[PDB]
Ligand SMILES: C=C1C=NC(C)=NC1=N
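As structure tokens, one chain now follows by itself in the form solved without this ligand.
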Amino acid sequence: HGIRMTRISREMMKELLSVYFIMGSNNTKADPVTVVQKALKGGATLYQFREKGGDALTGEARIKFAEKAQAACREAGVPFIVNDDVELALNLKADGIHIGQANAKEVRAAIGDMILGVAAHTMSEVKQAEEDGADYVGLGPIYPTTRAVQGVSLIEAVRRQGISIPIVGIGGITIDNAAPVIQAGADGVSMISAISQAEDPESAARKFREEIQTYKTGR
């Protein structure tokens, strides 16, 4: 994954979303970078650097953590996505950015052909995200852990309308409840604590990788 000169293909985007690990230093009691390395070794297909709020690192310390997480992704051959921070994404030459409901059109203009993910909670937001230039949408919260839990209702609705945009499920996803997200039509699942707080992050990631592959084939 180098510097993109064209928008990512939907086929490739959908494969990357399979096991999408999201993490910040405040999401684990272990060493942050080590957890990311283990998640990647186990099978995570995409990683999102989300370092904000609470007791998250700030300033130069946060930037250095980002550099190390990015280096871990490079070694695993997995794309490195940054949450909300456009400047950081550009500065580090990240593979993309993920934003929540931020002006998507403005972000797309600022990042060229980098990967752009947009959190969507309604049909309109999904449609708008697509027209704004999003490469994928994150739908949820599917399960409980801010927004109202919606299960897989929106994922189903989007597919029923014939929309084929890459979709990743978000919100309280665990190895036990991930299958229905894929069965509903999602292209992958995203998780935080299911891997970040696991006693064995590598095995947890591997289990997700095996499970998701099986269900993507079976649905």
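Start at 1 and count along the sequence shown; that's the residue number.
Form deposited with this ligand bound: not shown, discussed below.
The three residues 18, 185 and 215 each lack any heavy atom within 4.5 Å of this ligand in the deposited bound form. The shortest heavy atom separation between residue 204 and this ligand in the deposited bound form exceeds 4.5 Å. The shortest heavy atom separation between residue 138 and this ligand in the deposited bound form is within 4.5 Å. Residue contact check for residue 170: one or more of its heavy atoms lie within 4.5 Å of this ligand in the deposited bound form. Contact annotation: residue 78 falls outside 4.5 Å of this ligand in the deposited bound form, judged by heavy atom distances. With the partner left out here, this ligand still marks one of 48-56, 156-164, 29-37, 63-71 in the deposited bound form; by a 4.5 Å heavy atom cut-off that stretch is 48-56.
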